[PDB]
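Worksheet: one structure, shown below.
Note that these values count all heavy atoms, side chains included, but never hydrogens, waters or copies made by symmetry. Throughout, protein chains are lettered first and strands after them, A, B, ... in sequence-line order, and every chain is numbered starting at 1.
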Amino acid sequence: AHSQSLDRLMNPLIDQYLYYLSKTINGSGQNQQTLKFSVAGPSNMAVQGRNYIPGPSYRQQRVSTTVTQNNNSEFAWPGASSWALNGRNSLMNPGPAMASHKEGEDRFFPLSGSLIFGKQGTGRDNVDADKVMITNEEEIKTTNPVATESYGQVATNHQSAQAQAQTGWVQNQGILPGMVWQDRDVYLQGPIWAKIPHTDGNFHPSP
Amino acid sequence: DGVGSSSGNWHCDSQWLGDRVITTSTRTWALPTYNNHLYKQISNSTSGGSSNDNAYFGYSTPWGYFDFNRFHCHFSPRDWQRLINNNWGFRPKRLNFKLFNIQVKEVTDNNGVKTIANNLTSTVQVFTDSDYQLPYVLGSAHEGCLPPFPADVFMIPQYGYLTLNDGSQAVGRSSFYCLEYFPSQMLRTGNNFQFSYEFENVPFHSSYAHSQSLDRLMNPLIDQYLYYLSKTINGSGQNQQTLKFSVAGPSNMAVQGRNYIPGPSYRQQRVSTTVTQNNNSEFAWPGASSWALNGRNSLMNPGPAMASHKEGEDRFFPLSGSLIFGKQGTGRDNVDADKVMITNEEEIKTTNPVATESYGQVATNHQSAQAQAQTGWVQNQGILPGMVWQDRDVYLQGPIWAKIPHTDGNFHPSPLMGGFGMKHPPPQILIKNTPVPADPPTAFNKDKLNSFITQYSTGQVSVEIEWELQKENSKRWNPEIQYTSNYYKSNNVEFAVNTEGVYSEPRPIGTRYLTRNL
Amino acid sequence: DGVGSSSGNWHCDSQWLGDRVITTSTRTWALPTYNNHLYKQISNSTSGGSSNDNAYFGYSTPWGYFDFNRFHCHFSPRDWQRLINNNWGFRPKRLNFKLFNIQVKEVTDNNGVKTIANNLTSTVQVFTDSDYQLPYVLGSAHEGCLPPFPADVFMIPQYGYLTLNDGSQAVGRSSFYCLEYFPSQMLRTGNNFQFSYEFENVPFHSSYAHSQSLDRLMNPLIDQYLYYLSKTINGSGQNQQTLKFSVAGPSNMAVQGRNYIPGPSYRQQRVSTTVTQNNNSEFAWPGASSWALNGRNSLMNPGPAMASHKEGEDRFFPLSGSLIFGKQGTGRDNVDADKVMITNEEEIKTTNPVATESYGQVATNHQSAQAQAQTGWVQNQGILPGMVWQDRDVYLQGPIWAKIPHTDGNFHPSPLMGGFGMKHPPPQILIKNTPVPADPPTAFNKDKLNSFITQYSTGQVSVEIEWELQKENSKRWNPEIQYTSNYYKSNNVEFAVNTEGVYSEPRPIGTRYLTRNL
């Protein structure tokens, strides 16, 4: 695992010599506008600049092992992230390696984004949640985004005196130069290798 | 050796060979005593920290470190001008570091009067972490660098690191590093320290612009042998439908086919340096592009390198997508826009999309006799095979390198802020002056000694780097753009000292003037 | 050599080879002046001592000594975890000691203000007692050890010894040792001391538990070909007597015959950590197992290594038979049970009898038609040929070795507290800073000079030990138990520094996790 996260790479004692835009509003009231800048420092992290960013994400639906917290409906197939190839919708099982849950919340797991193993003598079909073995990916929380959460947020429009700044959600983010991620973990029950299909190109051909 | 013999000479010169530069520097440093020889478990809960995005947990150490990795440390404004005007690219090769002429001083403060005396037997202990077994602070661009002007004496910054946390609490994977637990070299006055380092192969930083854009790669005289769909409508009126095709040619460019496409984009909010053109509201945090990691929203500072503005409009800049430098004597907080130095990224307009604009446009739906063709906007585009981009530019004030985090995979590990990413960057040099305790009590006591002598040390550092150059081969006819000092008279000289003795850099100096063909 | 050249570098690392470990450590020490350069004949009559069991007589010396023989001195919590999880046994091989970077300071206290100045000509004198001609203090587990955390500065403890006495008076066989009467090495700043030592062959400490107990050594599927007396009674009623025999087998174990028996036992009193389950009275001294020597009752602390409790009952522990450690900042006297760290011996339940229970039961009398068979309890059992036991376990906080007293005979001279018993342990290093007298009077005087300069010294110690390892060969299928840091979040990190800079070890760490077959 990693003993420090990706968004804390920094000396907590020292300031940065780079600024950010702290205040866009002079004060309350009309025609109050100014650009104030501030040194990014230990007091306000998460606004500092940094050389690297977390790995790519393809969002999964969140479903809780606690029964009542889930919705009452069939969202299994309909509400699931898929990828279509030649008119066929292939449900997206284990996709980009992503933290299964955030912080200390283990109640939920990604719909299709986790490995599920059966226990000994487990039935074939309609097995209860206790007889399956659900795998926990949380070791990668440092370098990888959570599977059930948006990668980030982007501005939709140009602001102006008339137009307010509006930002939309990034559900999937393919790559950016400067991204850093980790691969999905290895188990006793999991496969040792795979075959990289013979093709013109592939990116990071780790299964 | 001895007290009365100097440990080393001052060597500040820089020698320009044909393909290679060697820049030596020498400074005077002063090292205080940090944390009273303690490790204090710093966390947000110590002071404030009421926001989860600002939560942190870590340790502060008595040790201190040398950060020389800004460019102004190793280059004078003239050696930088000579560099960027005559050369297409560069990169470091070797590094050599020296500590010498160490002096350790005792301070006694009594009745408010204080006498600084010299301790000849005291030591200072310094080690380089070669195996990268410690949290690497340097690549984060924090203050504490060797001053840009060789006559300044600088304090050595305190070392400290952060580890995992849940809020302010420590998670079981948190690590604690005792720096005393490493082999170090203990130096008295008359001892000197040195080590050498060889940079691993890094691609040349490209200091050039492009003399032609990415969407004009073509012979303007000649047509293409490939067609496009020019006309989907026979004429006005009902049931008028046809597919007409046309040769893509000089008359209608931007519809031609082409082998390559611009680099990826993550949109930034646009904000104008003119005050009234901006909106009246607080959009700074709310309207800013961020990336969330483990429930924390990390605002996205310098992201994919992207043109800051379009065409001849300099009024605006991306909210978080540009580097901002302070001028000399600039305040800490709520600084006006005139005292900050905003950096201009427009040199990459050719290969890169504008930071504040959409990458493009995509069709939303299938058209039909009933359904009209509808297209949505692409705010972010990750990559496509066939994309081409350039990295963010290098400055005098900006960082030289960074450390590529050790991980299963990374794509194009060039630092988003700038410089040369390296798996094994030049190691951290940590320095501490060893504790000398005050008089112990006579009767033995189990407890550790918390009373020490107030003390500090002083010396000189020499840092020489060997750089590899890529010379301009250009066959261009007309003259290049170069970096100049404007001739008009002024009260002061740029990149020169003030009347009070203050050294100030007037403007940030990019690396990209010379041009090459795209 | 000289004042301005360092005597030695700081070397704290530890290198893990296959069969061997080498753990280097380096600390900073401070040595005061003890007893005003005097030998003061300490005895109980100086203060209190109204009980004959507490009677003592001895001498206190100005000298001081290095005690490094706890385990936490030489091992970090990570190097200990790496040790005990991967290895069955270990033992020391070589030892190497160094003193370097010595500094001697003069203190002048006038008008309450005090100035600490450096004496370049002063000496400190240090010798190792190689021939064991001095009373050996180290093996008694007294405080004064090298701190567990490398960043602490520690005081050197005062040396002193005890001799024979009758009450507080001195018996004619009492010995007096003048420490000045030994050859020593005098060191100024610029001198360094070192010596090497080779541990004599000691059996590997066994760091393992047993995967099967002593009373189950058997094939559970198969019968024994040996019989026992199953039935002494024909049936109920008068004159019903017969001898019936039965094959000892899986149906009735604990009646089978077996080749070996558990180790010896000396019973301890049982006391519960739950308050109300203990009796209401003072049983601490009165109800405690002791051993009397020459009219003195010496309470029996850590005696034969014995399982502290039985089965899944942890509520209770033996009165004096367990090691008790204090937590960080624990008071001296009348400390509550939560601040002490009580050690758990249950790993030896297989080969050893429970400390609080009888070894067994024996017949008291001969039965007959008139006399019933009567059996008494065995409280203590010395030895029997065919017994098998194990030694008490090793910890981070516990002593590494001891000195086997020189005597005609000893049985299994492994220290009752723990560690490696040795006839010739690593020698004592005694250190003293030589007296510098104040100005003598002009006229000659017969008397010795009682006026000296207040003075102390400082330096660094390096202690490296070479350890020999016994690797796990286990063919076990299922996974072992290991030592882990529990993952759950907490305000602090275990075995890490506090917010005030205090280093604290949360829990005692035994050596026995891996298992072997009995």
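No more than 12 heavy-atom neighbours from other residues, nucleotides or ligands sit within 6.0 angstrom of NE2 on B:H424.
Interface residue C:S76: only side-chain heavy atoms are found under 4.5 Å from chain B. Only the side chain of B:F452 comes within contact range of chain C, with heavy atoms under 4.5 Å apart. Within the 4.5 angstrom heavy-atom criterion, no atom of B:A117 approaches chain C. There is no contact between C:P147 and chain B, counting heavy-atom distances below 4.5 Å. Contact annotation for B:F182: only backbone heavy atoms (N, CA, C, O) come within less than 4.5 Å of a heavy atom of chain C. Both the backbone and the side chain of C:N492 come within less than 4.5 Å of a heavy atom in chain B. For C:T484, no part lies under 4.5 angstrom from a heavy atom of chain B. For B:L179, no part sits under 4.5 Å from any heavy atom of chain C, backbone or side chain. Looking at C:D109, neither its backbone nor its side chain comes within 4.5 Å of chain B, counting heavy atoms on both sides. Only the side chain of C:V113 comes within contact range of chain B, with heavy atoms under 4.5 Å apart. Contact annotation for B:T189: only backbone heavy atoms (N, CA, C, O) come within less than 4.5 Å of a heavy atom of chain C. Of the atoms belonging to B:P62, not a single heavy atom falls under 4.5 Å from chain C. C:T28 touches chain B through its side chain: at least one heavy atom from C-beta onward sits under 4.5 Å away, while N, CA, C and O do not. Heavy atoms of C:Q455 lying under 4.5 Å from chain B are absent altogether. Interface remark: C:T458 contributes side-chain atoms only to the contact with chain B (heavy atom separation under 4.5 Å). Contact annotation for C:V153: both backbone and side-chain heavy atoms come within less than 4.5 Å of a heavy atom of chain B.
B:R188 contributes atom CZ, which lies 6.0 Å from atom CD of C:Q103 (distance to the nearest 0.5 angstrom). In this structure, the separation between CE on C:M155 and NZ on B:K446 is 12.0 Å, given to the nearest 0.5 Å. Here the CG atom belonging to C:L120 is positioned 6.5 Å from the CG atom belonging to B:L120, to the nearest 0.5 angstrom.
Side-chain atoms of B:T123 and C:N101 include no donor-acceptor pair closer than 3.5 Å. When only modelled atom types and interatomic distance are considered, C:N491 and B:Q169 share a side-chain donor-acceptor pair under 3.5 Å. Neither side chain, C:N498 nor B:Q41, offers a donor N or O lying under 3.5 Å from an acceptor on the other. For the residue pair C:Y488 / B:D166, no side-chain donor-acceptor distance below 3.5 Å is found, with atom types taken as modelled.
Aromatic pair B:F176/C:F149: ring centres closer than 6.0 Å. Here the two rings, on B:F444 and C:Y34, have centers that are 6.0 Å apart or farther.
Taking B:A438, B:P441, B:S43 one by one and counting their heavy-atom pairs under 4.5 Å with chain C, the maximum is reached by B:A438. The most heavy-atom pairs under 4.5 Å with chain B, out of C:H11, C:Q158, C:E143, come from C:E143. With respect to chain B, the highest number of heavy-atom pairs below 4.5 Å among C:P157, C:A30, C:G2 belongs to C:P157.
Near-neighbour residues of residues 190-198 of chain B relative to chain C, defined by a heavy atom under 4.5 Å from a heavy atom of that chain, comprise B:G190, B:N191.
Side-chain atoms of C:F154 and B:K448, non-hydrogen and from C-beta on, never get closer than 4.5 Å to each other. For the pair B:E180/C:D152, no side-chain contact is recorded, criterion being any heavy-atom separation below 4.5 Å from C-beta on. Proximity of B:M186 to C:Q460: side-chain heavy atoms (C-beta onward) are separated by under 4.5 Å at one or more points. Side chains of B:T121 and C:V3 form a contact here, defined as non-hydrogen atoms less than 4.5 Å apart. At a threshold of 4.5 Å between non-hydrogen side-chain atoms, the residues B:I453 and C:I116 count as touching.
Here the side chain of C:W10 pairs no donor or acceptor atom with the backbone of B:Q125 at under 3.5 angstrom. Side-chain atoms of C:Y456 come within 3.5 Å of backbone N or O of B:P437 as a donor-acceptor pair.
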